[PDB]
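One chain follows as structure tokens, the form deposited in one PDB entry.
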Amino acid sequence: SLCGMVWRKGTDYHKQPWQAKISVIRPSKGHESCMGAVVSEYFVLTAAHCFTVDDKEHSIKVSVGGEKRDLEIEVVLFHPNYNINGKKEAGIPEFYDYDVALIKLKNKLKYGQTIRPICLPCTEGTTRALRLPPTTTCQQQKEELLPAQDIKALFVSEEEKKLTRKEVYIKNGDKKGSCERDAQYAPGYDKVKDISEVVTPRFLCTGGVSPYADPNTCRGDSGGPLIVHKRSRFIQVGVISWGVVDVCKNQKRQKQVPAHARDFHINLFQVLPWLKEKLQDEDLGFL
């Protein structure tokens, strides 16, 4: 398939046709909505923390293309290393390591103007999307997409079928350490002796006011794709996992600590063995 390409100047799901909207069937505070990405005709990639651990398949509804209709969910695949309770002993009340999950749909999606797959790292789709030679390796795709730099990226927020594109910078050069250490401003992580325990090698970091004023995520953006845009093609590099400031509830707090208001995303280059295995029959051509 031709991944990560728009399919006229339309709006919302015409501009971001890989976006998926997730709703928690029995909602509570902190457990209302999530986002996801269409990655193949049968699969939506999201965050594991969006589901109940028991009876995952009946814990959410998912929609694509801004449709009212919910898609039938056949199976939910959690990354095997995901465990929100895994570091309670270290004073880490919620641990978001490996916070990725795949929704297998019962019915094949039909791609159209409002439903299209986004490109995934270390696939032939991404080689073609980036107009790269057939000798391209996974490591070369990583150098092209995640150089040791502040990386221009974007994520999308949803409200009543309206999508808002937000430009952010991934701190992957000399700001990476500072970005990660700002996990300590997250309520509930402020007393962890060693903050590297909360921010593992699975994470990319955005947010703050340098080099630009990055918008922050809200809980409801959880599971949405963190995207790199090159020459009219969109490549997913991350899954939105967790934030330091919920700017949907707490714009007071971002204004108090704007230099440290970070967002954390699961790096898809760090879960490739799991992606490649679960998606091996989806014709994506993993390297």
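The term rigid core refers to the maximal set of C-alpha atoms that superpose within 1.5 Å between the two forms. Residues that one form lacks are left out of the comparison. A residue's number is simply how far along the shown sequence it sits, counting from 1.
Absent from the display: the form deposited in another entry. The rest refers to it.
Colleague: Please find the residue from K161, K166, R128, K152 showing a Cα shift of 2 angstroms or more between the shown form and the other one, rigid core superposed.
Modeller: Going through each option, the one that shifts is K161.
Colleague: So, superposing on the core, is the move of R69 at the CA at least 2 angstroms between the shown form and the other one?
Modeller: After core superposition, the C-alpha of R69 moves less than 2 Å between the shown form and the other one.
Colleague: At a 2 Å cut-off on C-alpha positions, does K230 qualify as shifted between the shown form and the other one after fitting the rigid core?
Modeller: No, the C-alpha moves less than 2 Å.
Colleague: Fitted on the core, where are the consecutive stretches (at least 3 residues) whose C-alpha atoms all shift 2 Å or more between the shown form and the other one?
Modeller: Shifted segments: 27 to 31, 159 to 161, 256 to 258.
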